[PDB]
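Contents: one structure, followed by commentary.
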Amino acid sequence: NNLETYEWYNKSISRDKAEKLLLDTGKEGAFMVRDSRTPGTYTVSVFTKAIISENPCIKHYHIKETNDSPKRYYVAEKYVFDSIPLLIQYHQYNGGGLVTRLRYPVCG
């Protein structure tokens, strides 16, 4: 379930690389993900060209897990899903409440 198939998912990735890798794209709301640990939560690298100080903008959103039914993973005590793709899917549309949610998943 490494979602190693989502334009946004990035395995073995690090918060440091996803920014650089995401920055390479230059998308507004670029979205990426990186596996972590714990209950099995995944990381989400979201970046959107916009940072007078240091642009573009790349944020790392981790998918928290909450033994639900399924409502397990989530990033903001907002909406917890049974997987990053879904959790990403909802962030790819719903519009979450971050830089710009899954505006555009980015993978390296």
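Each chain of the structure tokens is named A, B, ... in the order shown, its residues numbered from 1; ligands are numbered from 1 in display order.
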Surrounding residues of residue 86 of chain A excluding itself and chain neighbours under 5 positions, 10 Å, only C-alpha atoms, as a ChimeraX atom specification: /A:71,73-74,80-81,91-92
Let's have the selection written as a PDB file, in the first residue's frame, with N, CA and C atoms.
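In the end it all went to result.pdb:
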ATOM      1  N   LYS A  71     -12.300   5.366   7.785  1.00  0.00           N
ATOM      2  CA  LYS A  71     -11.754   6.641   8.236  1.00  0.00           C
ATOM      3  C   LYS A  71     -10.515   6.438   9.099  1.00  0.00           C
ATOM      4  N   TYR A  73      -6.740   7.149   7.857  1.00  0.00           N
ATOM      5  CA  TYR A  73      -5.755   8.196   7.623  1.00  0.00           C
ATOM      6  C   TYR A  73      -6.373   9.570   7.429  1.00  0.00           C
ATOM      7  N   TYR A  74      -5.576  10.596   7.729  1.00  0.00           N
ATOM      8  CA  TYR A  74      -6.013  11.989   7.603  1.00  0.00           C
ATOM      9  C   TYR A  74      -4.858  12.957   7.857  1.00  0.00           C
ATOM     10  N   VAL A  80     -10.474  11.741   7.701  1.00  0.00           N
ATOM     11  CA  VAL A  80      -9.632  10.559   7.739  1.00  0.00           C
ATOM     12  C   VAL A  80     -10.199   9.477   6.834  1.00  0.00           C
ATOM     13  N   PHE A  81      -9.364   8.975   5.935  1.00  0.00           N
ATOM     14  CA  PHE A  81      -9.787   7.951   4.994  1.00  0.00           C
ATOM     15  C   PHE A  81      -9.050   6.640   5.236  1.00  0.00           C
ATOM     16  N   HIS A  91      -8.341  15.116  -1.006  1.00  0.00           N
ATOM     17  CA  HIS A  91      -7.526  16.324  -0.990  1.00  0.00           C
ATOM     18  C   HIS A  91      -7.277  16.810  -2.413  1.00  0.00           C
ATOM     19  N   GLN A  92      -7.432  15.904  -3.373  1.00  0.00           N
ATOM     20  CA  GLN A  92      -7.241  16.234  -4.782  1.00  0.00           C
ATOM     21  C   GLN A  92      -8.475  16.938  -5.338  1.00  0.00           C
TER      22      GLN A  92
END
For segment 1-15 of chain A: contacts at 9 Å, only C-alpha atoms, fewer than 2 positions along chain excluded, given as a PyMOL selection string: chain A and resi 17-19+30-36+42-46+59-60+83-85+88+102+104-108
Keeping only N, CA, C and O atoms, write the selected residues as a tab-separated table (two decimals), in the first residue's frame.
chain	number	residue	atom	x	y	z
A	17	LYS	N	13.84	16.23	0.07
A	17	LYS	CA	13.88	15.94	-1.37
A	17	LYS	C	12.58	16.32	-2.07
A	17	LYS	O	12.60	16.93	-3.15
A	18	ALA	N	11.45	15.95	-1.48
A	18	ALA	CA	10.17	16.24	-2.10
A	18	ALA	C	10.06	17.71	-2.50
A	18	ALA	O	9.54	18.04	-3.57
A	19	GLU	N	10.58	18.61	-1.67
A	19	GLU	CA	10.55	20.02	-1.99
A	19	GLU	C	11.34	20.26	-3.28
A	19	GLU	O	10.83	20.84	-4.25
A	30	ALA	N	1.25	21.54	-6.12
A	30	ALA	CA	1.87	20.25	-6.38
A	30	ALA	C	1.67	19.35	-5.19
A	30	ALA	O	1.84	19.77	-4.04
A	31	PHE	N	1.28	18.11	-5.45
A	31	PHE	CA	1.03	17.16	-4.38
A	31	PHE	C	1.86	15.91	-4.51
A	31	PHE	O	1.92	15.28	-5.56
A	32	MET	N	2.49	15.52	-3.42
A	32	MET	CA	3.30	14.32	-3.40
A	32	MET	C	3.12	13.59	-2.08
A	32	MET	O	2.56	14.14	-1.14
A	33	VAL	N	3.59	12.35	-2.01
A	33	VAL	CA	3.47	11.58	-0.78
A	33	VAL	C	4.70	10.74	-0.52
A	33	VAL	O	5.40	10.32	-1.44
A	34	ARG	N	4.96	10.50	0.76
A	34	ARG	CA	6.12	9.71	1.16
A	34	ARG	C	5.80	8.90	2.41
A	34	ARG	O	5.34	9.43	3.42
A	35	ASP	N	6.05	7.59	2.32
A	35	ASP	CA	5.78	6.69	3.43
A	35	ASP	C	6.60	7.05	4.66
A	35	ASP	O	7.72	7.56	4.55
A	36	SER	N	6.03	6.80	5.84
A	36	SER	CA	6.70	7.10	7.10
A	36	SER	C	6.71	5.87	8.01
A	36	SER	O	7.27	4.83	7.66
A	42	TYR	N	1.14	7.91	5.75
A	42	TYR	CA	1.99	8.29	4.63
A	42	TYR	C	2.22	9.80	4.64
A	42	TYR	O	1.45	10.54	5.25
A	43	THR	N	3.27	10.25	3.97
A	43	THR	CA	3.57	11.67	3.92
A	43	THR	C	3.07	12.27	2.61
A	43	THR	O	3.05	11.60	1.58
A	44	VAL	N	2.66	13.54	2.65
A	44	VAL	CA	2.16	14.22	1.46
A	44	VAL	C	2.92	15.51	1.21
A	44	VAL	O	2.79	16.47	1.96
A	45	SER	N	3.69	15.54	0.13
A	45	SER	CA	4.44	16.73	-0.22
A	45	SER	C	3.59	17.61	-1.13
A	45	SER	O	3.34	17.26	-2.29
A	46	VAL	N	3.14	18.74	-0.60
A	46	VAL	CA	2.31	19.67	-1.35
A	46	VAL	C	3.04	20.98	-1.55
A	46	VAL	O	3.44	21.63	-0.58
A	59	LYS	N	5.09	21.98	0.93
A	59	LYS	CA	4.71	21.58	2.27
A	59	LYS	C	4.62	20.06	2.38
A	59	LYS	O	4.35	19.38	1.39
A	60	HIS	N	4.85	19.54	3.58
A	60	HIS	CA	4.78	18.11	3.80
A	60	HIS	C	3.61	17.75	4.71
A	60	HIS	O	3.64	18.02	5.91
A	83	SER	N	-6.98	5.22	3.34
A	83	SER	CA	-5.83	5.14	2.45
A	83	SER	C	-5.45	6.51	1.89
A	83	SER	O	-6.30	7.40	1.71
A	84	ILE	N	-4.16	6.67	1.61
A	84	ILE	CA	-3.64	7.92	1.08
A	84	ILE	C	-4.35	8.32	-0.21
A	84	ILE	O	-4.80	9.45	-0.33
A	85	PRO	N	-4.47	7.41	-1.19
A	85	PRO	CA	-5.14	7.72	-2.45
A	85	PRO	C	-6.52	8.32	-2.21
A	85	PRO	O	-6.85	9.37	-2.76
A	88	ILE	N	-5.97	11.21	-0.39
A	88	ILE	CA	-5.38	12.10	-1.38
A	88	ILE	C	-6.47	12.51	-2.36
A	88	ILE	O	-6.56	13.67	-2.76
A	102	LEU	N	-4.46	18.61	-2.54
A	102	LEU	CA	-3.92	17.91	-3.71
A	102	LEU	C	-4.27	18.64	-5.00
A	102	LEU	O	-4.99	18.11	-5.85
A	104	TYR	N	-2.27	19.31	-7.41
A	104	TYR	CA	-1.61	18.59	-8.49
A	104	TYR	C	-0.50	17.69	-7.97
A	104	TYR	O	0.64	18.13	-7.81
A	105	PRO	N	-0.80	16.41	-7.70
A	105	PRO	CA	0.19	15.47	-7.21
A	105	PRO	C	1.47	15.51	-8.05
A	105	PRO	O	1.42	15.64	-9.27
A	106	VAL	N	2.62	15.42	-7.38
A	106	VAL	CA	3.90	15.46	-8.05
A	106	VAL	C	4.77	14.30	-7.58
A	106	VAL	O	4.87	14.04	-6.38
A	107	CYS	N	5.40	13.61	-8.52
A	107	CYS	CA	6.26	12.48	-8.18
A	107	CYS	C	7.63	12.64	-8.81
A	107	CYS	O	7.84	12.28	-9.97
A	108	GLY	N	8.57	13.17	-8.04
A	108	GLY	CA	9.92	13.37	-8.52
A	108	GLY	C	9.97	14.25	-9.76
A	108	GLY	O	9.05	14.22	-10.58
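Each of A:24, A:65, A:82, A:77 was compared to residue 49 of chain A using only C-alpha atoms, and A:24 turns out to be the nearest.
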All strand (DSSP E or B) positions in chain A, as a PyMOL selection string: chain A and resi 9+30-35+42-47+58-62+64-65+73-74+81+104-105
